[PDB]
There are 4 protein chains.
Amino acid sequence: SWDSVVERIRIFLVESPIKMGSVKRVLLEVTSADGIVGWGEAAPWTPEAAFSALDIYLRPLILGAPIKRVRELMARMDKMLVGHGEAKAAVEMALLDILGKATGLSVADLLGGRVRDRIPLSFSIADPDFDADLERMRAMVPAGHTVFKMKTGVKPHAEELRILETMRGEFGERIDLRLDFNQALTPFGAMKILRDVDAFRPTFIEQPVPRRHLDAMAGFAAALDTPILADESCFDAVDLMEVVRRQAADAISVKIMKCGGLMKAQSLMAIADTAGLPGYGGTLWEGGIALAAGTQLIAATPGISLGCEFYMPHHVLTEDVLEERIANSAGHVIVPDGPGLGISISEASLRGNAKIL
Amino acid sequence: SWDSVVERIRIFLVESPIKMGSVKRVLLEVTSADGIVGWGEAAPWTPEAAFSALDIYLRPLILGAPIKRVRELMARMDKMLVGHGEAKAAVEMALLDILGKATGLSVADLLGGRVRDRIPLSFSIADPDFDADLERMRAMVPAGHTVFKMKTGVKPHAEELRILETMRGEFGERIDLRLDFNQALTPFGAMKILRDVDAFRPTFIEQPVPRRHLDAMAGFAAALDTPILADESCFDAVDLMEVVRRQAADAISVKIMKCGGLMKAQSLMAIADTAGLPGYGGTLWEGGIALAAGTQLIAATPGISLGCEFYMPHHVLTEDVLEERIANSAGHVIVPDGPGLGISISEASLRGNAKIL
Amino acid sequence: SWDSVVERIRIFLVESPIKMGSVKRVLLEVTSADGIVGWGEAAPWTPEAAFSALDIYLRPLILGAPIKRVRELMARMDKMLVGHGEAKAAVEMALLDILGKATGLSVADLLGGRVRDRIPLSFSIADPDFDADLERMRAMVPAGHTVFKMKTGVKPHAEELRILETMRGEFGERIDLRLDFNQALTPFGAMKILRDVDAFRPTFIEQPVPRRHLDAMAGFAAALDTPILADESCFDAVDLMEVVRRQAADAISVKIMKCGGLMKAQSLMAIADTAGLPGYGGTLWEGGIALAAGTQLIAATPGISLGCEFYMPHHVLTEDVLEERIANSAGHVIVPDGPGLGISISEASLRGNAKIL
Amino acid sequence: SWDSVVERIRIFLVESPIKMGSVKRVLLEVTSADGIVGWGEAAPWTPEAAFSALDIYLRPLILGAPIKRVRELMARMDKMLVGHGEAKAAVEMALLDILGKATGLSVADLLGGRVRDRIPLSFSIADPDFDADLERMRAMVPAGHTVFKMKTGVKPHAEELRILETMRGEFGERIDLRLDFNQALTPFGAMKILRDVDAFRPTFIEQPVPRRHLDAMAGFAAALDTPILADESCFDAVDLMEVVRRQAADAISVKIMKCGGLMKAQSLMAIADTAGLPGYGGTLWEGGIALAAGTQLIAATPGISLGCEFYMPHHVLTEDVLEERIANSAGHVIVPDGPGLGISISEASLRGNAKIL
Ligand SMILES: [Mg+2]
Ligand SMILES: [Mg+2]
Ligand SMILES: [Mg+2]
Ligand SMILES: [Mg+2]
Ligand SMILES: [Mg+2]
Ligand SMILES: [Mg+2]
Ligand SMILES: [Mg+2]
Ligand SMILES: [Mg+2]
C-alpha cells in the first residue's frame with residue numbers, strides 16, 4: 001500500500017535549440033518523501049509567467065501534498081490561482097509520473113488504461129512550392145502515412161482548388177485529408193470558399209473563422225456535409241457545452257494545457273463523446289516531457305480518435321533533455337512504454353542538452 | 001511494471017438474510033494469471049438475468065482480457081451486449097479490485113484519488129408513527145447526524161405540513177432536510193403541493209413525478225427556489241444532457257449500475273459539474289462488495305456532494321460475506337481503507353454467511 | 001489647454017446646381033468665443049424641416065455649449081427633440097470641425113485616428129444601354145476601378161443574367177461586383193431570382209425586399225452563400241441588434257444621418273464588428289461639407305470596409321461652396337488632409353456658388 | 001497640424017509600498033520624436049508576464065508608430081500578440097497621454113468629451129465587526145457618501161439579514177446599497193439566499209455565482225426584481241453579446257484591462273447602452289497612472305453610470321510616483337483636470353517613491 005507526499009521541487013528555465021533559433025521551456029522536477037522523481041513541463045500556447053507561477057504561487061500548495069490525491073491538489077490550485085493552466089498541468093503531470101513509477105503503472109493506466117498503442121500523426125502540407133509537397137506525399141503514402149493537413153486560405157483560392165484536385169486525382173481516399181484555414185476567413189464571404197473545398201470531401205475543416213463567431217461556425221456546420229472542427233472556439237468544458245448547445249462544430253481539438261490538464265481533458269471528452277463530437281489531439285509541443293503527457297492522455301482517451309500533430313513541424317526540436325526521444329514511424333506516434341510518463345531525465349541529459357537560465 | 005490477464009472466473013448465486021426474509025445476490029470472483037483475486041457484485045435496481053449475462057454472454061470477453069485495460073473491456077462488453085449495466089459493472093469492479101491490490105492502490109486512487117474520507121449518510125424518515133421518528137431525530141442530531149430524508153405524499157398533505165412545521169420548529173437549520181415524493185405526484189395539481197413544502201426550504205425535493213414528465217419537472221424547477229433532484233429522469237449521460245438542455249432538474253442522483261459503472265458515473269459527473277448540477281449517491285445496495293464500489297466512487301468524485309443512502313433502511317442486511325463490514329458512524333459512511341475495494345472475502349466467510357444456489 | 005464655447009451660428013438655406021436642375025441644402029456655420037469657424041450640412045435621405053429644427057428647436061442648446069463636450073450636447077439634443085437626425089449631425093460635424101482646427105487635429109483623429117487614407121468608391125452600372133456601360137467598365141478597370149454595383153430587378157431577369165454572364169466572362173474576379181435590387185423584389189418569388197444571381201458570386205446583394213420583411217431577409221441569408229446587405233432594414237443601433245438577433249443580414253450600410261451622426265455611426269459599427277457584419281458607407285451626399293464628414297468617419301472606422309458610393313451619380317453636383325473639392329481618383333475617394341473636416345469655405349465661395357434663400 | 005511618431009520607450013518594473021507589504025507594477029514611458037512624454041501602466045487583475053510582453057513582443061510595433069493612429073496600432077498589437085490586454089492598454093494610455101499633451105486635450109476630450117466631472121466611489125462594507133462598519137457609515141452618509149457595497153455570503157445568512165435590516169432601518173433609501181457575493185454561491189441553493197436579500201432592494205447584486213453559469217445567472221435575473229450585475233461573466237464585447245442574448249445580467253462591470261483598453265471599453269459600452277445595461281467601473285487599480293486612465297474613460301462614457309471602487313480598499317497604496325495624487329472627496333473621485341491623462345511624473349518622483357527592479 002503506497003502513500004507518500006511531495007518533499008521538494010526544482011523549477012528550471014531552460015533554453016533548447018531548434019532549426020527552421022531558440023526556445024525557452026519551463027521544466028519542473030518533483031521529488032517524493034520516499035525518493036521517487038517525476039517531471040512536468042509547462043508549454044505555452046511567455047515562459048516567465050509560468051516560471052513565477054510555480055515558484056511563488058503554487059509552491060506552498062505542492063509542498064507536503066499527498067501524491068495519490070492529484071484531483072484534490074488540482075482543485076486547490078484552481079481555488080488559489082486563476083487561469084495558469086500550463087503551470088498547473090506540469091504539476092499534475094509530475095505527480096502522475098511519480099505515482100506511476102511508485103506503483104508500476106503508466107499514466108495511461110492511471111487514466112482508465114490504454115485503448116490504443118499508436119496515435120495517427122498528421123503531416124502538414126504548407127510548402128509554397130506545392131510540387132515539393134507532392135513528392136513528399138508520393139514517398140509518404142506508400143510508407144504508411146495517411147493523415148495530411150493542408151493549410152488553406154493562403155494562396156489564391158483557384159490555386160488551392162487545383163491543388164486539391166491534383167491531390168484527389170492521384171490519391172483519392174487513400175489519404176485522410178484535412179484542411180486548416182487558421183481562422184483566416186471572415187464570416188462575410190466564407191461560405192462560397194468553404195463550399196468549394198467541401199466538394200473534395202475533406203475529413204474535416206479546422207476553425208475557418210475566429211473564436212467569437214459561433215453563430216457563423218454553426219451556420220457553416222449546418223450548410224455543409226464536411227465536419228467543421230472547433231479549435232480556438234473550444235478551449236475548455238464550458239466552451240464545449242456552448243458549442244454543443246449551438247451545434248457550432250462537429251469535432252473539437254483538445255488542448256491539454258488550454259483545457260487545464262490531463263484529467264480535465266478526459267472530463268471534456270466525456271461531454272464530447274456523449275454529444276457525438278470526436279476529438280483531435282491538436283498541436284502537441286515537441287518538448288519530450290509535455291509530449292509524453294499528451295501521448296499518454298490520448299492513449300487512454302478513446303474519443304480522441306482524429307490523431308494529432310506537432311506544434312510547428314517547419315521548426316523541429318534538435319536536442320532534448322530525454323535520455324530517449326518519443327518515437328514516431330510510418331505516420332504514427334509510438335506511445336512510450338513503461339511506468340509513469342515512460343521517459344527518463346538525468347542530470348547530464350538535462351544540463352548537457354539545454355542551457356539553464 | 002505490472003501487467004497481467006484474467007485467468008478464470010467463478011460466478012456465485014447466493015441467498016442472504018435480511019430482517020424487516022431473503023434476497024438473492026450475484027457475486028463474481030475474478031482471478032488473474034499472477035494469482036490476485038478481485039470481487040464484483042451485480043445489484044439490481046431478477047438476479048437470474050445478471051447471472052446468465054456473466055456466465056454465457058460476458059465470460060469469453062473477460063477471459064484473457066488485460067486487467068490494466070478496464071475502459072477497453074467495458075467498450076467491448078457494451079459492443080457485444082446491450083444494457084446489462086449491473087453485470088458489466090461487477091466485472092469492472094473486480095478488475096479494479098485486482099489492479100488495486102497488484103499496485104497497492106485503492107479504487108478511489110485509480111479514479112483520480114480521494115477527495116473525501118467519509119460520505120454523509122441520509123437517514124430515512126418514513127415511520128407512520130411520526131412521534132417514533134421525532135424521538136429518533138432527537139437522539140441522532142446530537143450524535144452528529146444531519147442529513148434526513150422525509151418520504152412525502154404518503155399521509156394527507158395537511159398532516160405532512162404539520163410534521164414539517166414541528167421539525168423546523170425544533171431543529172431549524174441544524175438538519176439538512178430532504179423530501180422525497182417517490183414519483184407519486186401527477187403534473188396536474190403537483191404545484192400547490194410542492195409550493196407548500198418549498199416554504200420549509202428543504203435542501204432538495206426528489207423526483208416528485210414519473211420519469212416521462214421532463215417539461216413538468218422543468219416547470220417545477222423554474223417556479224421553485226428549492227432544488228429539484230432528478231432520480232428516474234436521469235439514469236445515464238444521455239438523460240443528463242437532456243435534463244441540462246431542458247433545465248429539468250437542479251441536481252441528480254447517480255446510480256452506479258443504472259449509469260453502467262464507476263468510470264461511466266465519473267463521466268456523468270463531468271457533465272453535471274460543468275452544468276452546475278450536484279450529484280447525490282442515491283440508493284446504495286448494502287451488499288458489501290457493491291457498497292465498497294459505491295463508496296470508492298463517491299470518495300473520488302467531488303461533485304457527488306449530497307451524500308448517499310441505503311437501498312431500503314427498513315430492511316437491514318443481517319449477515320454478509322465480508323470478513324469486515326463497511327462502517328458508518330455519526331451520520332457518515334467511513335470509506336474503507338486499503339488496496340482495491342478495501343474488503344476481504346474468504347471461502348469460509350462466503351460459504352458460511354450466504355446460501356449458495 | 002484649449003476650452004471654448006459656441007458664440008453664434010448662421011443657418012443658410014442654399015440652392016445648388018446639378019446636371020442630369022436644382023437642389024436645396026441646409027448649411028450651418030458655427031463660431032466659437034475664440035473666433036474659430038466650423039461647418040456642418042444637413043443632407044436629407046424636405047430641407048425646410050431641418051432648417052426650422054436648427055433655427056428654433058436646437059439654437060438655444062448650441063449657444064453657450066462647450067465645444068469639447070460633443071457627446072454631451074448630442075445627448076441634450078436627443079432629449080429635447082426627437083428624430084431630426086440630419087440637423088443634429090450638422091451641429092456635431094461643425095463642433096468637431098472647430099475642435100479639430102483649434103487643436104491641429106482632423107475629425108478622423110478625434111474619432112480614434114485614421115485607419116485608411118482612401119475609400120473605395122463604387123461605380124453604379126445602371127444604363128439601359130448595357131453596351132454603353134460595358135465600354136465604361138472596359139476603360140475603368142485598367143484605370144484601377146474595381147468596385148461596381150449593378151442595379152438589378154429593372155430589366156427582364158433573363159437579360160440581367162446574360163449581362164452578368166458577359167461581365168464575369170470578361171472580368172472574372174478582377175471586379176468586385178455588387179448587385180442592388182432597390183427593395184423591388186417581394187418575399188413571394190424572390191428566392192428563384194436571388195438564387196440565379198447568387199451563381200455569379202457577387203460580393204453582396206443589397207436589400208432585395210422592403211424594410212419590414214426581416215424574416216424574409218433572414219430566409220435569404222440562410223439559403224444563400226452570397227452576403228445579403230441590409231440598407232433600409234438597418235438605420236440605427238436598435239435595428240442592428242434585431243438584425244443580428246434574427247441573422248437577417250451579413251453586412252449593413254451605415255447612414256451617418258440616418259443613424260444620427262458620426263459618434264453614433266461608430267457605436268453602430270462596434271456592435272457590427274463584434275457580430276462579424278462588415279459595413280458599407282452607403283450613399284454619400286456629394287455636398288462637400290457632408291461628404292467631408294462621411295469621409296473622415298469612414299477613414300477612422302475600420303469595420304466600414306466595403307467602400308462607399310455617391311447619392312445618385314447620374315446627377316452630379318456642378319458647383320459647390322468649398323474652395324477645393326473632395327477628390328476621387330482611380331476608384332477611390334482621397335480622404336482630405338488637414339485639421340477639422342479638412343475643407344474651407346469663404347464668404348465668396350459660399351455666396352458665389354450657391355443661391356441663398 | 002500635429003503629427004509625430006514614437007521615438008523611444010522605457011519599461012520600468014517598480015516595487016510600491018502598501019499597508020494592510022509590497023506590490024510590483026509595470027510602468028511604460030513613451031517619448032515622441034518631438035519630445036513629448038506619456039505614461040502607461042499595466043495593472044494585472046504576474047507582472048513579469050506584462051513586463052516581457054512590452055520589452056520583446058510589442059516594442060517593434062510601438063517604435064516608429066504614428067501617435068495619432070492609436071486604433072490602428074491596437075489592431076496591429078492584437079494581430080501580432082494574443083491576449084496580453086494589460087500591456088497593450090498601457091501603450092494606448094501613453095499614446096493618448098502624448099496626443100493629449102501635444103494638442104491641449106485630455107484623454108476624456110479625445111474619447112468624445114467629458115459627460116461628468118466626478119465619479120461616485122463605492123465604499124466597501126466588509127468588516128467582520130459590523131458595529132465598526134456602522135459607525136463608519138454613520139459618519140460617511142452625512143459627509144455625502146451614498147454608495148456602499150456589502151460583501152455577502154461570508155457570515156451566516158441570518159446574521160447578514162439582520163445587518164441589512166439594521167442598515168435599511170437607519171438609512172432607508174439615503175444609501176445606494178449594493179451587495180457582492182464574490183462568486184461564492186452555487187446555482188444549487190442560491191435562489192432562497194438571493195430572494196431573501198432582494199427584499200432589501202439593493203441597487204444591484206454582483207456576480208453571485210462563477211463565470212460559467214450563465215443560465216443560472218439568467219435564471220436569477222428572470223426571477224428577481226433586483227438587478228443582477230455581471231462581473232466575471234463579462235470581460236469583453238463577445239461576452240457581452242452572449243449576456244444580452246441570454247438576458248443573463250441587468251448591468252455589467254467594465255474592466256478597462258480585462259476588455260483590452262479605453263477604446264475597447266467604449267465599444268463595449270455602445271453595445272450595453274443599446275441593450276439597456278448600465279455599466280459599473282468595477283475595481284480600479286490605485287496606481288496613479290492606471291487610475292487616471294480609468295477616471296478619464298469613465299468621465300467620457302455616459303453609460304458607466306453606477307460609479308466605481310478601488311481594487312482592495314483594505315490595503316491602501318501608501319506612496320505613488322505621481323507628483324500629485326488623483327483625489328477623492330465626499331464619496332466621489334475628482335476627474336483630474338489638464339491635458340492627456342492629467343498627471344505628472346518626474347525622475348525624482350519615480351525613483352524616490354518606488355524601488356526599481
Ligand atoms: Mg454539417
Ligand atoms: Mg488550430
Ligand atoms: Mg428552481
Ligand atoms: Mg428515488
Ligand atoms: Mg447566407
Ligand atoms: Mg440602398
Ligand atoms: Mg430581474
Ligand atoms: Mg467582482
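Every chain is numbered from 1 and lettered A, B, ... according to where its sequence line falls, protein lines coming before strand lines. These numbers come from the heavy atoms of this one structure, side chains and all, not from hydrogens, waters or symmetry mates. Counting convention: from 1, in listed order, for ligands and their atoms alike.
- Within a 6.0 Å sphere centred on CD of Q183(A), heavy atoms belonging to other residues, nucleotides or ligands number more than 12.
- With sequence neighbours excluded, the residues satisfying ring-ring contact (aromatic ring centres under 6.0 Å, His included) with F204(D) are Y280(D).
- The environment of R246(A) atom CZ is dense: over 12 non-hydrogen atoms of other residues, nucleotides or ligands sit within 6.0 angstrom.
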Show me the side-chain donor-acceptor pairs of residues 216-227 of chain C shorter than 3.5 Å, one per line, residues at least two apart or across chains.
unit_1, atom_1, unit_2, atom_2, d
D225(C), OD1, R195(A), NE, 3.4
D225(C), OD1, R195(A), NH2, 2.9
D225(C), OD2, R195(A), NE, 2.7
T226(C), OG1, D198(C), OD1, 2.5

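- Each protein N, O or S atom less than 2.8 Å from the Mg ion (ligand 1) was counted, giving 2.
- By the side chain to side chain donor-acceptor pair (under 3.5 Å) test, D250(A) is found to be paired with no residue, residues two or more places apart in sequence or in another chain being considered.
- Checking side-chain atoms of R211(B) against main-chain N and O of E232(B) turns up a donor-acceptor pair under 3.5 Å.
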